[PDB]
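Just the one chain here, the form deposited in one PDB entry, laid out as structure tokens.
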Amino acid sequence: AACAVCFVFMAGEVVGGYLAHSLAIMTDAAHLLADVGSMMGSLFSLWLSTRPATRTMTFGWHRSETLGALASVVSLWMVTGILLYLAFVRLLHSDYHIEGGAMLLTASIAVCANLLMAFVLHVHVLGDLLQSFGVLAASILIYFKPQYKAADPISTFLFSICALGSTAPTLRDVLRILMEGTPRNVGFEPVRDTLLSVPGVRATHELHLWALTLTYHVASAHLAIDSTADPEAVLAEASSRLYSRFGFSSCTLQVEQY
């Protein structure tokens, strides 16, 4: 929608965390980076979807959603690994200056940004909200008692782990879509039984089910009808069944003879 203020609110963590010399605010910025990367990928995909399919892209540009999601996950692991290495160095070499002031202000900025994002949404968004509250609590802990100093790297560790756990399922879905498995919603067996219940169909040879993206599903089959049947009627009835029951965007059914 109009979530452009999240990008300027991103800048607060980058500079404010620099002054504070903090890593928990870096994990807050990494979570925000994953969110804004998902939003930017969705916007770019929506812009690309209106473009018609060319002679070199026979399906269109519906894989941009999955590619953008994969890129966002890769960048999130970028930041997570960098912060993991930095925190591991920080722990052993216990020589770094952290001031709780800038930490507290930028953590407050982060929690209000998360509240605005939650309002816009109105899951792992609430999970992240909890993570932002944890970072804010760590900021109070550091600022109030400066003698404590290892609060920052431990929060970095826990919240990076939380980020990885939260975005694991998206990685799984993207991987399955890219490897061209059956879509999550659609089961192979219900589709096969639907195909065989068409009057005339005797067997199906090569039933292919795959998804271009989360909402775009394609199908193919090799139905073999009984000789005393009308291929056009059988094909039309099977396509209507697929469209009505499973919402397949495309359905190419080769009708052979038994």
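Take the two forms, find the largest set of C-alpha atoms that superpose within 1.5 Å, and that set is the rigid core. One rule holds for the numbers: they count along the sequence shown, beginning at 1.
Just so it is clear, the following notes concern the form deposited in another entry, a form of the same protein that is not shown.
114 is the only residue from 72, 155, 80, 114 whose Cα shifts by 2 Å or more between this form and the one not shown, the rigid core being superposed.
In the core-superposed comparison between this form and the one not shown, residue 164 has its Cα shifted by less than 2 Å. With the core held fixed, residue 175 shows a CA shift below 2 Å between this form and the one not shown. The Cα position of residue 129 differs by 2 Å or more between this form and the one not shown after fitting on the rigid core.
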